[PDB]
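Excluded from the calculations below are hydrogen atoms, water molecules and symmetry mates; all remaining heavy atoms, backbone and side chain alike, are included. Proteins come first, then strands; the chains are lettered A, B, ... in the order of their sequence lines, and each starts at number 1.
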Amino acid sequence: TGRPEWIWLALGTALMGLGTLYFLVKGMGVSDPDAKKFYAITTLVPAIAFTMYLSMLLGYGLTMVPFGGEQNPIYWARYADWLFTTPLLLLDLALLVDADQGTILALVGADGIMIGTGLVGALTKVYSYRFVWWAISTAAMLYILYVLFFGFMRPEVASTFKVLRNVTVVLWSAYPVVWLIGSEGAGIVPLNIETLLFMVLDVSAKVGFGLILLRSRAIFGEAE
Amino acid sequence: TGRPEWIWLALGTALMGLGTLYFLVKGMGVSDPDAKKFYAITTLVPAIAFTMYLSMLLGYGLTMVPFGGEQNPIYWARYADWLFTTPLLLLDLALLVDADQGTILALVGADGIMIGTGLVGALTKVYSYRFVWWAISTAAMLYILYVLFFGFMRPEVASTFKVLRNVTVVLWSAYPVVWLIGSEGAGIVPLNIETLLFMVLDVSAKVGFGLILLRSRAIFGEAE
Amino acid sequence: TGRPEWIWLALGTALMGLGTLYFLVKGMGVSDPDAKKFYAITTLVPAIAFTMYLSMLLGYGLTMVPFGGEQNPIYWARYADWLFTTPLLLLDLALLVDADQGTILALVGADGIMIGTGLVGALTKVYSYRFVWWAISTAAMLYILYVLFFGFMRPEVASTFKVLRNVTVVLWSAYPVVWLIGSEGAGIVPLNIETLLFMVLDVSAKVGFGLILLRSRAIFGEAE
Ligand SMILES: *C/C=C(C)/C=C/C=C(C)/C=C/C1=C(C)CCCC1(C)C
Ligand SMILES: *C/C=C(C)/C=C/C=C(C)/C=C/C1=C(C)CCCC1(C)C
Ligand SMILES: *C/C=C(C)/C=C/C=C(C)/C=C/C1=C(C)CCCC1(C)C
């Protein structure tokens, strides 16, 4: 199309699609029940992202929100993606460490709150209030990060969890910043650059994260 | 009303309602925990369908989508039904065979993708792109069917699973065809006939499927 | 704002926010896995309510629905809250009594139906039909109440469950009445009083319920 961000949406669609196919093929033949869980979660994540990238590319997942006296292009489909994919990603971490159910519920619920309030902020027509939602969403993210560090095994489990926790902190923490400087927030970075940034983050957080996880012996039960 | 498809919506509402009441009464008194799971899942399915049929009958679950240069009546409430009822139905099959959690997640997630992309296709304003969504949704359905045949007990469990798997393949595979030839897709069959077809499919896939399942000794633990 | 109900929305936001913070601090340090489940569920409930109260206060969670020949202010965000918080509350009760999974699914599903049909009724443009949805929603509520009394331990578990079941029946049963007499239904009580009533009910059903639950020894495994 003639939205300059189309190229990043197209590459995102492609990389999510290819990552989905790769993980699908890779998990073919896996019989270990524990490993199956990780393959399922980890393949579902970019498959969902693929659909939502495509919806943005085709224009379905874009709406105009009036605020600051303009009609502002907001890609709402990102939140529909994140609503499902972010708890899934947290579930991969939580299963790695054999987290308590209470802890999993805390994580999933805080994540739901993070995404839902981010969506509310994204669609809010009173400019100043958009940042209230951003702050609440960010608080939920900080709670999530706190639990990953202070709320929790085989040495390979510890090692893989540590690496993935670090990837998670670094990549996830960038999202509120991009939103804040981008078209959803202060509008200091144009939508095409914002789209590029989220594409790099998303591909790393999904396909990159998944490559790290699915390469590890941590996803298998200890078997002779 | 004066929408000619009202009669099929009314009969669908009635048959789902009656099926719900029948399963409710039938599962009264069931104490076996395994059987309770099947009664719960299986009664919930037509209860949800009853609500969404009624919403279509009353006109709430209908919207107009512009495409191909017309205002096209799209019953969106079907997807709200299917979003919940189709994974529930898959859950009945998966519990019958004591499926791995990874496999259940794969099934539920692929199903979510099937329904969500079908909804996107149903609401998409660019005619040609509607069929892209249809294709992606169909791929998700084919993945689901593949898992039911290649991804998986007491002989009565095997026997009941086999029958229900066959019912599932035959009925579910008809949905993409009806959508394709109907008002959502190529518009070769009118909405009133499309509605009739989905009504027959839905009642069979829910109340018919449920009668088969709930009549079986497979839903009970092996007890003396 | 100049909506007279703003004061009740503001106090609701505050009390849910404070209740969230209190439960969060209170559950700090809890290591018992069973207790963690209850703290997680019970803190998530007012955290979600806090977000949805704030959304109503800020005006995001309000829409106008034409019916009875007027444009009627309907707070839809209540349903988005209840959709998540009501099954969570039922989950607290069900975990207390170690409910069968079938029973939990029945409860959660009936609750989903209660809330979804209440939302449909709230948004329905044909006045008389709003009450059809109300009736169906009420039937789902009555099913839920029936299960809590007829569908189900350590003496402290029994004692706490009994108290919380009674609180639940009394408070939950008031909701259909308020809706019926309020702006969503017959319009005999003005929106500002309706808002006050739901605020008192919600705070009691969430923060009050939670204080009772989290003060009990019932939420802990039996340990030496
Ligand atoms: C695969 C995609 C992922 C891992 C996306 C993660 C996204 C977030 C952590 C987003 C966080 C946000 C906030 C913390 C504040 C408001 C804006 C959001 C939703 C971008
Ligand atoms: C009770 C209702 C059920 C079992 C409905 C099943 C529906 C489907 C399998 C629908 C599939 C579709 C596609 C595969 C492609 C696009 C259109 C859909 C959603 C009708
Ligand atoms: C924390 C909030 C809670 C516990 C809310 C409970 C709400 C209900 C039990 C609402 C019930 C309703 C009906 C039974 C009929 C239609 C209207 C509703 C949704 C208010």
Which portion of [X] sits near chain C, non-hydrogen atoms under 4.5 angstrom:
X	result
B/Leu24	side chain
B/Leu88	side chain
B/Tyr39	neither

task: Look at C/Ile113, C/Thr103, C/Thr117 and state which one has the largest set of heavy-atom pairs under 4.5 Å with chain B.
output: C/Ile113
task: Specify which of C/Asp100, C/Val126, C/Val132 makes the most heavy-atom pairs with chain B at under 4.5 Å.
output: C/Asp100
- prompt: Who among B/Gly61, B/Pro33, B/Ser55 has the most heavy-atom pairs with chain C under 4.5 Å?
  reply: B/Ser55
- prompt: Given a strict heavy-atom distance threshold of 4.5 Å, which part of C/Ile104 is in contact with chain B: side chain, backbone, both, or neither?
  reply: neither
Cationic N near anionic O, under 4.0 Å, B/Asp81 to B/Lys206: yes
For C/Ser216 against C/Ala218, the heavy-atom pair lying closest together: OG-N, 2.9 Å
task: I would like to know whether B/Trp82 and B/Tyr79 meet ring pair (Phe, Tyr, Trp, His ring centres under 6.0 Å); could you show each step before the answer?
output: CA-CA 5 Å; B/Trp82 300 343; B/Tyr79 306 86; 5.4 Å; yes
query: Any side-chain donor paired with an acceptor under 3.5 Å for C/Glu184 and C/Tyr75?
result: no
Polar contact flag, side-chain donor to acceptor under 3.5 angstrom, C/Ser183-C/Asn72: no
message: Set out, in order, the CA-CA distance, both residues' side-chain angles and the distance that settles side chain to side chain contact (heavy atoms under 4.5 Å, CB included) for C/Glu194 and C/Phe198, then state yes or no.
response: CA-CA 6 Å; C/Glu194 172 186 349; C/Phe198 282 138; 3.3 Å; yes
